[PDB]
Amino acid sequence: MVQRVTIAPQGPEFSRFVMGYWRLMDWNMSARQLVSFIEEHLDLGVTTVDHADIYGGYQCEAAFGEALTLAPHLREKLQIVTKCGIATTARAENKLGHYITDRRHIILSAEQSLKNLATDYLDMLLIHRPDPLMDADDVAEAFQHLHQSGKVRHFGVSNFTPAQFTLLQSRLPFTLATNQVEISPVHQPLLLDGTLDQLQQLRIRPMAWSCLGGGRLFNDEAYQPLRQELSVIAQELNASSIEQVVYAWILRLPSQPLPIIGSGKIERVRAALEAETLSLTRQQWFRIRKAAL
(Lines of atoms letter the chains of each structure in order from A and count residues from 1; the text may use other names and numbers.)
(Lines give C-alpha, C1' and ligand atoms only; values in the text may rest on other atoms or scores of the structure.)
Protein backbone atom coordinates (compact mmCIF):
# COMPACT_ATOMS: atom_id res chain seq x y z
CA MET A 1 0.00 0.00 0.00
CA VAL A 2 0.95 3.64 -0.58
CA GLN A 3 2.28 5.46 2.51
CA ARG A 4 0.01 7.73 4.57
CA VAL A 5 1.32 11.29 4.84
CA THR A 6 0.40 14.46 6.76
CA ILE A 7 1.13 17.25 4.26
CA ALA A 8 1.28 20.20 6.65
CA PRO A 9 1.08 21.09 10.36
CA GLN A 10 -2.51 20.39 11.43
CA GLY A 11 -3.10 19.54 7.78
CA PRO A 12 -4.85 16.49 6.34
CA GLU A 13 -3.52 12.97 5.89
CA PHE A 14 -3.03 12.16 2.20
CA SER A 15 -1.64 9.27 0.21
CA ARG A 16 1.96 10.04 -0.81
CA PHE A 17 0.93 9.61 -4.44
CA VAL A 18 -2.11 11.59 -5.64
CA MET A 19 -4.43 10.61 -8.52
CA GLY A 20 -4.89 13.53 -10.94
CA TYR A 21 -8.12 13.84 -12.94
CA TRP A 22 -7.37 16.85 -15.16
CA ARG A 23 -7.40 14.56 -18.23
CA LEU A 24 -10.45 12.51 -17.22
CA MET A 25 -12.48 13.55 -20.30
CA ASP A 26 -9.74 12.35 -22.65
CA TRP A 27 -9.90 8.82 -21.18
CA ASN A 28 -13.39 8.23 -22.64
CA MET A 29 -14.71 6.42 -19.55
CA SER A 30 -18.31 5.68 -18.61
CA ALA A 31 -19.39 6.36 -15.03
CA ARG A 32 -19.26 2.61 -14.42
CA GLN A 33 -15.74 2.41 -15.86
CA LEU A 34 -14.62 5.35 -13.72
CA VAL A 35 -16.00 3.65 -10.61
CA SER A 36 -13.88 0.55 -11.28
CA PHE A 37 -10.80 2.73 -11.83
CA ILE A 38 -11.28 4.59 -8.54
CA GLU A 39 -11.83 1.24 -6.78
CA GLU A 40 -8.62 -0.04 -8.38
CA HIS A 41 -6.36 2.82 -7.26
CA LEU A 42 -8.03 2.90 -3.83
CA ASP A 43 -7.07 -0.75 -3.30
CA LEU A 44 -3.46 0.21 -4.02
CA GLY A 45 -3.66 2.95 -1.40
CA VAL A 46 -4.13 6.01 -3.60
CA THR A 47 -6.87 7.76 -1.63
CA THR A 48 -6.12 11.39 -2.54
CA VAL A 49 -7.51 12.78 -5.80
CA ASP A 50 -6.91 16.11 -7.52
CA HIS A 51 -9.50 18.21 -9.38
CA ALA A 52 -10.16 21.79 -10.47
CA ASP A 53 -13.25 23.69 -11.59
CA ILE A 54 -11.82 24.40 -15.06
CA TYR A 55 -10.55 20.87 -15.95
CA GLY A 56 -12.04 19.28 -19.05
CA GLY A 57 -13.73 22.49 -20.12
CA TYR A 58 -15.47 22.51 -16.71
CA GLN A 59 -16.65 18.89 -16.95
CA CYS A 60 -14.25 16.65 -15.03
CA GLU A 61 -15.72 17.46 -11.57
CA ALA A 62 -19.22 16.62 -12.77
CA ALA A 63 -18.04 13.40 -14.46
CA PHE A 64 -16.24 12.34 -11.28
CA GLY A 65 -19.37 13.11 -9.27
CA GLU A 66 -21.44 10.78 -11.46
CA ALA A 67 -19.18 7.93 -10.34
CA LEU A 68 -19.55 8.96 -6.69
CA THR A 69 -23.33 8.92 -7.19
CA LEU A 70 -23.18 5.35 -8.49
CA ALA A 71 -20.94 4.26 -5.62
CA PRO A 72 -21.77 6.47 -2.59
CA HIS A 73 -19.53 4.50 -0.20
CA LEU A 74 -16.36 5.67 -1.96
CA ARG A 75 -16.52 9.31 -0.74
CA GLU A 76 -15.47 8.40 2.81
CA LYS A 77 -12.36 6.63 1.52
CA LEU A 78 -11.14 9.55 -0.57
CA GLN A 79 -9.54 12.91 0.05
CA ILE A 80 -10.80 15.32 -2.57
CA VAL A 81 -8.77 18.34 -3.54
CA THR A 82 -10.10 20.89 -5.99
CA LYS A 83 -9.22 24.41 -7.14
CA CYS A 84 -10.61 27.74 -8.30
CA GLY A 85 -9.23 31.07 -9.54
CA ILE A 86 -8.90 30.51 -13.30
CA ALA A 87 -11.50 31.65 -15.84
CA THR A 88 -11.23 30.06 -19.30
CA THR A 89 -12.99 30.64 -22.62
CA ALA A 90 -14.82 27.30 -22.26
CA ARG A 91 -17.46 29.50 -20.63
CA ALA A 92 -19.18 31.92 -23.02
CA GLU A 93 -19.11 34.90 -20.64
CA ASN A 94 -15.29 34.69 -20.49
CA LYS A 95 -14.14 36.50 -23.62
CA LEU A 96 -10.50 35.87 -22.68
CA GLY A 97 -8.64 33.66 -20.20
CA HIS A 98 -8.07 35.47 -16.90
CA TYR A 99 -8.17 35.10 -13.13
CA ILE A 100 -10.95 35.65 -10.62
CA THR A 101 -10.13 35.57 -6.92
CA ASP A 102 -12.93 37.69 -5.46
CA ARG A 103 -14.67 36.43 -2.30
CA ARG A 104 -18.00 35.63 -3.93
CA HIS A 105 -16.46 33.74 -6.85
CA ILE A 106 -14.41 31.56 -4.52
CA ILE A 107 -17.48 30.73 -2.42
CA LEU A 108 -19.68 30.11 -5.50
CA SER A 109 -16.96 27.96 -7.14
CA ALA A 110 -16.54 25.82 -4.03
CA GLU A 111 -20.29 25.42 -3.70
CA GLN A 112 -20.52 24.39 -7.36
CA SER A 113 -17.69 21.91 -6.73
CA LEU A 114 -19.81 20.33 -3.98
CA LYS A 115 -22.72 19.96 -6.43
CA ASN A 116 -20.57 18.58 -9.26
CA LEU A 117 -18.73 16.06 -7.09
CA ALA A 118 -21.99 15.03 -5.38
CA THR A 119 -20.59 15.51 -1.87
CA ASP A 120 -21.25 17.82 1.09
CA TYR A 121 -17.59 18.69 1.82
CA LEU A 122 -14.17 19.12 0.18
CA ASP A 123 -10.97 18.01 1.90
CA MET A 124 -8.96 20.85 0.39
CA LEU A 125 -9.59 23.89 -1.81
CA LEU A 126 -6.70 25.64 -3.62
CA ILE A 127 -6.21 28.98 -5.31
CA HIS A 128 -5.23 27.65 -8.74
CA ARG A 129 -2.88 30.45 -9.79
CA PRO A 130 -1.40 33.64 -8.35
CA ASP A 131 -3.59 36.52 -9.53
CA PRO A 132 -2.13 40.05 -9.83
CA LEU A 133 -5.51 41.29 -8.64
CA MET A 134 -5.50 38.94 -5.65
CA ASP A 135 -6.82 40.67 -2.55
CA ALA A 136 -5.65 38.47 0.34
CA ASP A 137 -8.28 39.95 2.67
CA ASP A 138 -11.04 38.84 0.31
CA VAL A 139 -9.68 35.32 -0.23
CA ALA A 140 -9.43 35.04 3.57
CA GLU A 141 -13.09 36.08 3.94
CA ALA A 142 -14.12 33.32 1.53
CA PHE A 143 -11.92 30.67 3.21
CA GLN A 144 -13.28 31.62 6.65
CA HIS A 145 -16.86 31.25 5.44
CA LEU A 146 -16.24 27.88 3.78
CA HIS A 147 -14.30 26.66 6.82
CA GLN A 148 -16.74 27.79 9.52
CA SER A 149 -19.67 26.24 7.64
CA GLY A 150 -17.86 22.91 7.35
CA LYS A 151 -17.85 22.92 3.56
CA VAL A 152 -14.04 22.92 3.20
CA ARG A 153 -11.72 21.35 5.71
CA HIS A 154 -8.33 22.70 4.50
CA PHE A 155 -6.92 25.35 2.15
CA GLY A 156 -3.81 25.77 0.03
CA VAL A 157 -2.42 27.37 -3.08
CA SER A 158 -0.91 26.39 -6.39
CA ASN A 159 2.01 27.86 -8.32
CA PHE A 160 2.58 30.64 -5.76
CA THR A 161 5.90 32.43 -5.25
CA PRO A 162 7.07 32.55 -1.60
CA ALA A 163 6.09 36.26 -1.38
CA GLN A 164 2.59 35.42 -2.71
CA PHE A 165 2.41 32.51 -0.26
CA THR A 166 3.41 34.70 2.69
CA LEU A 167 0.92 37.42 1.74
CA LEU A 168 -2.06 35.05 1.83
CA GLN A 169 -0.81 33.20 4.92
CA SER A 170 -0.62 36.49 6.83
CA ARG A 171 -4.41 36.74 6.62
CA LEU A 172 -5.30 33.20 7.71
CA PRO A 173 -5.62 31.79 11.27
CA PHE A 174 -4.68 28.29 10.07
CA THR A 175 -1.79 26.95 8.03
CA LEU A 176 -1.98 26.85 4.25
CA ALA A 177 -1.73 23.11 3.74
CA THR A 178 0.20 23.03 0.43
CA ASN A 179 1.65 24.88 -2.55
CA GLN A 180 1.04 22.71 -5.62
CA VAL A 181 3.97 23.27 -7.98
CA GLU A 182 5.70 21.90 -11.09
CA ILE A 183 8.68 19.66 -10.27
CA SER A 184 10.54 17.23 -12.55
CA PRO A 185 13.99 16.68 -14.06
CA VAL A 186 12.62 18.68 -17.02
CA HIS A 187 11.60 21.68 -14.93
CA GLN A 188 13.96 22.34 -12.03
CA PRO A 189 13.88 26.07 -11.21
CA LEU A 190 11.88 25.70 -7.98
CA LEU A 191 14.69 23.60 -6.52
CA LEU A 192 16.83 26.72 -6.09
CA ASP A 193 14.56 29.75 -6.61
CA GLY A 194 13.27 29.64 -3.02
CA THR A 195 9.89 27.95 -3.46
CA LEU A 196 10.95 24.53 -2.16
CA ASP A 197 13.20 26.09 0.50
CA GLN A 198 10.18 27.88 1.98
CA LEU A 199 8.05 24.75 1.91
CA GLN A 200 10.71 22.65 3.66
CA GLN A 201 11.18 25.44 6.20
CA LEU A 202 7.46 25.54 7.11
CA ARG A 203 7.22 21.70 6.93
CA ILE A 204 4.60 21.94 4.19
CA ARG A 205 4.85 19.33 1.50
CA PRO A 206 4.15 20.32 -2.12
CA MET A 207 1.84 18.35 -4.39
CA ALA A 208 3.97 18.04 -7.52
CA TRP A 209 2.40 18.35 -10.96
CA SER A 210 3.79 17.65 -14.44
CA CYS A 211 6.10 15.07 -12.88
CA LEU A 212 6.93 13.56 -16.29
CA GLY A 213 7.68 16.92 -17.95
CA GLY A 214 4.16 17.70 -19.13
CA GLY A 215 4.51 15.02 -21.79
CA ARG A 216 7.99 15.97 -23.00
CA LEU A 217 9.82 12.95 -21.52
CA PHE A 218 8.02 10.56 -23.84
CA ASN A 219 6.70 12.77 -26.66
CA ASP A 220 9.37 15.42 -27.15
CA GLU A 221 11.81 13.87 -29.63
CA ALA A 222 14.48 16.19 -28.17
CA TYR A 223 14.45 14.34 -24.85
CA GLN A 224 14.86 10.95 -26.57
CA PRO A 225 18.56 10.71 -25.77
CA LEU A 226 17.60 11.74 -22.19
CA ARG A 227 15.14 8.84 -21.95
CA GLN A 228 18.36 6.84 -22.31
CA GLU A 229 20.07 7.98 -19.11
CA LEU A 230 16.94 7.28 -17.14
CA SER A 231 17.04 3.82 -18.79
CA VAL A 232 20.66 3.25 -17.81
CA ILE A 233 19.88 4.21 -14.22
CA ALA A 234 16.68 2.13 -14.34
CA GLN A 235 18.72 -1.00 -14.98
CA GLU A 236 21.21 -0.19 -12.20
CA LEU A 237 18.23 -0.09 -9.85
CA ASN A 238 16.45 -2.99 -11.54
CA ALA A 239 13.47 -0.69 -11.95
CA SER A 240 10.76 -1.85 -14.36
CA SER A 241 10.48 1.49 -16.17
CA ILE A 242 11.86 5.00 -16.39
CA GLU A 243 8.72 6.53 -14.81
CA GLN A 244 9.64 4.83 -11.53
CA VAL A 245 13.08 6.43 -11.67
CA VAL A 246 11.63 9.90 -12.29
CA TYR A 247 9.16 9.55 -9.41
CA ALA A 248 11.98 8.31 -7.15
CA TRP A 249 13.96 11.39 -8.24
CA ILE A 250 11.13 13.65 -7.08
CA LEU A 251 10.53 11.76 -3.81
CA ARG A 252 14.21 12.21 -2.97
CA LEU A 253 13.72 15.99 -2.67
CA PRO A 254 13.88 17.21 1.00
CA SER A 255 10.57 19.13 0.64
CA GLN A 256 9.17 15.58 0.35
CA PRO A 257 6.75 16.15 -2.59
CA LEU A 258 3.52 14.19 -3.24
CA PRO A 259 3.61 13.30 -6.94
CA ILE A 260 0.38 13.68 -8.91
CA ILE A 261 -0.27 10.79 -11.32
CA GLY A 262 -2.30 11.66 -14.42
CA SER A 263 -2.56 8.42 -16.37
CA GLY A 264 -6.00 6.88 -16.74
CA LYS A 265 -4.50 3.41 -17.08
CA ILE A 266 -4.09 1.43 -13.88
CA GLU A 267 -0.75 -0.41 -13.96
CA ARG A 268 0.97 2.74 -15.09
CA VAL A 269 -0.41 3.86 -11.73
CA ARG A 270 0.90 0.62 -10.16
CA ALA A 271 4.20 1.14 -11.94
CA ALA A 272 4.38 4.61 -10.45
CA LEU A 273 3.78 3.33 -6.92
CA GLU A 274 6.83 1.07 -7.12
CA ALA A 275 9.02 4.20 -6.84
CA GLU A 276 8.52 4.12 -3.06
CA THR A 277 10.90 1.13 -2.92
CA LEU A 278 13.77 2.45 -5.09
CA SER A 279 16.72 3.86 -3.15
CA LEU A 280 18.35 6.43 -5.39
CA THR A 281 21.93 7.30 -4.63
CA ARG A 282 23.04 10.93 -4.63
CA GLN A 283 25.25 10.32 -7.67
CA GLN A 284 22.27 8.76 -9.46
CA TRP A 285 20.15 11.77 -8.46
CA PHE A 286 22.73 14.25 -9.76
CA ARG A 287 23.39 12.24 -12.94
CA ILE A 288 19.69 12.60 -13.75
CA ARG A 289 19.71 16.34 -12.97
CA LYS A 290 22.67 17.00 -15.27
CA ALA A 291 21.38 14.76 -18.08
CA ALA A 292 18.24 16.89 -18.14
CA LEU A 293 19.65 20.43 -17.83
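All residue numbers are counted from 1 along the displayed sequence.
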Notebook entry, point to check: Which is higher on average in the deposited entry, the C-alpha temperature factors of 96 to 104 or of 115 to 123?
Noted result: 115 to 123
Next item on the list: For the higher mean C-alpha B factor in the entry, choose 124 to 132 or 142 to 150.
Entry: 142 to 150
Check: Of the options 71, 191, 211, 168, which has the highest CA B factor as deposited?
Finding: 71
Margin query: Highest Cα temperature factor in the entry, among the options 175, 219, 184, 159: which one is it?
Written below: 219
Note to self: Sorting by Cα B-factor within the chain, modelled residues only, which third would residue 8 end up in: lowest, middle or highest?
What the structure shows: middle
Notebook entry, point to check: Going by what the PDB entry lists, where does residue 58 fall on CA B-factor within its chain: lowest, middle or highest third?
Noted result: middle
Next item on the list: Rank-wise, by C-alpha B-factor, drop residue 256 into the lowest, middle or highest third of its chain.
Entry: lowest
Next item on the list: Give the position of residue 47 by CA B-factor within its chain, expressed as the lowest, middle or highest third.
Entry: middle
Next item on the list: Could you look up the Cα B-factor of residue 27 in the entry and say which third of the chain it sits in: lowest, middle or highest?
Entry: highest
